[PDB]
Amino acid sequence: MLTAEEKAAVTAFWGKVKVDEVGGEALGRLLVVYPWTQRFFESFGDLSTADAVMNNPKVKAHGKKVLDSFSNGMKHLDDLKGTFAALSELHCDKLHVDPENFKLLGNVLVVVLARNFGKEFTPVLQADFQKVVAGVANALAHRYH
């Protein structure tokens, strides 16, 4: 989507992300800030308080999983659609996940990166990531019917 310099910037920045950590953090924050998203993770156990969510080992593991998958996309910024085609299909037909959730997670992801990288997460860098999370959300929404 982005330019060759923007691609270079995002790539380089991403190489610094501690994916298990940022993953668990992002997923955990999503369940706390937008509690209705909890509807899909009832099996995860206790999600009643912020602490319960954030310390939940399954929220943790799942966050890791989602972000490893996201990282895969970071390697295919040119074909996000092809990359997430199988997963779009899965989220729709088997998990029945409203794609609106993908935007919510994308936005939470951006806040987490800002919290974790402080001043390094510049307004320009943020702009690049907004384009990415939007691109990913759209790729995942793509095979819905």
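Between two forms, the rigid core is defined as the largest C-alpha subset superposing within 1.5 Å. Numbering starts at 1 and follows the sequence shown.
- A fit on the rigid core, followed by a root mean square over CA positions in 8 other deposited structures of this protein, ranks 92-100 against 25-33 and picks 92-100 as the more shifted one.
- With every structure aligned by its rigid core, 83-91 is the stretch of 105-113 and 83-91 whose CA positions lie farther away in 8 other deposited structures of this protein.
- The stretch 43-51 shows the higher mean C-alpha B-factor when 22-30 is compared against 43-51 in the entry.
- Just going by the entry, 9-17 versus 123-131 on mean CA temperature factor gives the higher value to 9-17.
- Residue 93: CA B factor in the middle third of modelled residues in this chain (values from the PDB entry).
- Per the deposited record, the Cα B-factor of residue 85 falls in the middle third when ranked against the other modelled residues of its chain.
- Among all modelled residues in this chain, the alpha-carbon of residue 115 has a temperature factor (C-alpha) in the lowest third.
- Residue-level temperature factors show residue 103 in the lowest third of its chain, judged at the C-alpha atom.
- The entry lists a Cα temperature factor for residue 77 that places it in the highest third of the chain's modelled residues.
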